[PDB]
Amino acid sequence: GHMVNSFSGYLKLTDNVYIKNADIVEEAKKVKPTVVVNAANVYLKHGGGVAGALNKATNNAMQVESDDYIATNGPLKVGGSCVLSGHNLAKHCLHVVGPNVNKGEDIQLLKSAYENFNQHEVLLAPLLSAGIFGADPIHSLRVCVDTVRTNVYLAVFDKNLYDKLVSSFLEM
C-alpha cells in the first residue's frame, strides 16, 4: 500500500531532473517525499520565501528544531547543508545554503550547494539562490541540471517563471 514519493504532473527535463508549476508546500502534502529541500540561510532563520512557507506549514516546529541545531553546531557554511526532520511535510528536510549574490557571495558556491542533493536518491526541491538571494533562476536551473545526478523534482510557484524556465531549457 506504499504511496511514498508519489510525484505526478512533472515535465521531465533530463534523465533525473523534473519540473512542475506548483507550491512546494502543497506538493509535499500530496507526494509525502522522503526529502524536501529548504532554501536556507546559514542561521536557519526561516523568515520568508520557501523557508518561511515550509516553517509555517510545520506550525514553527521547523524553526524550533533549527534553533536547537544552531545552538549545538553554530551556523552552516555557504554551499553547505544539514539534514533535519521533515516534520508533517516529509521524512527529512535537507537545509541547503545557496550563495546570496545580492551580498556579493561567490556564485560558484551554488554548485557546492547543489552537490549536497547527490547524497539523496529522490528530493522535492525549489531552485536555490533565486528570489531574495538574487541569482537568475535560469542560471540556477542550469547549475542544478549540470550538478545533480539523483532524482530531483523542482516545484516552481509562479506560472510565468515556470513557462520562461521550460521554454529556455527546451530551446536546447
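For every residue, the number given is its place in the sequence shown, counted from 1. The term rigid core refers to the most C-alpha atoms you can superpose between the two forms while keeping them within 1.5 Å.
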Comparing C-alpha positions in 9 other deposited structures of this protein against this form, with the rigid core used for the fit, which stretch differs more, 5 to 13 or 148 to 156?
5 to 13
Higher average CA B factor in the deposited record is what I'm after, so tell me if that's 126 to 134 or 107 to 115.
126 to 134
As the entry reports it, the stretch among 116 to 124 and 135 to 143 with higher mean C-alpha B factor is 135 to 143
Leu161 - which third its CA temperature factor falls in, relative to the rest of the chain
highest
Could you tell me which third, lowest, middle or highest, the C-alpha B-factor of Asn102 occupies within its chain?
highest
Chain-wide C-alpha B factor ranking for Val36, given as lowest, middle or highest third
lowest
Relative to the other modelled residues of the same chain, rank the CA B-factor of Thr72 and answer lowest, middle or highest third.
highest
